[PDB]
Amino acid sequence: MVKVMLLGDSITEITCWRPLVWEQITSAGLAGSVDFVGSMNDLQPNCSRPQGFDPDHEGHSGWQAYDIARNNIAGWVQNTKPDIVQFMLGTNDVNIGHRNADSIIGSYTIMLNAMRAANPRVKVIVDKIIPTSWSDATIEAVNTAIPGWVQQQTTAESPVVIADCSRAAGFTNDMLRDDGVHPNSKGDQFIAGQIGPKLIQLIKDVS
């Protein structure tokens, strides 16, 4: 099976886009070919769970890319050896850590280095980060940086592709919960529509 790790923070852990992506995989005829991997397996009870849903993920509410890069990622990828890694991180670096864009892209680099050390053929999706309701400018600065980072980092052996979940790709405030940070059902549909097709293409590419 193709092993996929859905790495992230609360936007991965406590949201419902992962079931939608699994549905897409199912619809593509790939549910028997795909194993979602990771240390966590919680899903909120208000999400519409497809039957057969693979609940494993590597989402952690409140965790920062800074910390994950330095303390956790090597363990997680060493334990699971994913073929594909999809992530959105950085929201807590800003809102909790008060870190800048240079910090966050640096932490990206350290995470990707660890993913590749575990698997030099890993295929990676980096998500441009959803906006906060208040259009946090350091989040946008990370988003403006992601394409250059990808250009610097992507290789034929280990491609890095972008799932653009940003303001600029259509993420509206109407897609946020009342806390101004997490996607509501509309934002989950949007997220799943950006990630799911890139993830399906990568799955198909895995040898």
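Heads up: residue numbers just count along the shown sequence, starting at 1.
- When the two stretches 182 to 190 and 7 to 15 are set side by side, the higher mean Cα temperature factor goes to 182 to 190.
- Mean CA B-factor, 58 to 66 versus 31 to 39: the higher value falls on 31 to 39.
- Residue set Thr80, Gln86, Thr109, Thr91: peak C-alpha B-factor at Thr80 (per PDB entry).
- Looking at the C-alpha B-factors along this chain, the one for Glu140 belongs to the lowest third.
- Ranked against the other modelled residues of its chain, the C-alpha B-factor of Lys123 as given in the entry falls in the lowest third.
- Residue-level temperature factors show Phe171 in the middle third of its chain, judged at the C-alpha atom.
- In the PDB entry, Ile130 places in the lowest third of its chain by CA B-factor.
- Among the modelled residues of the chain, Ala74 sits in the lowest third by CA temperature factor in this PDB entry.
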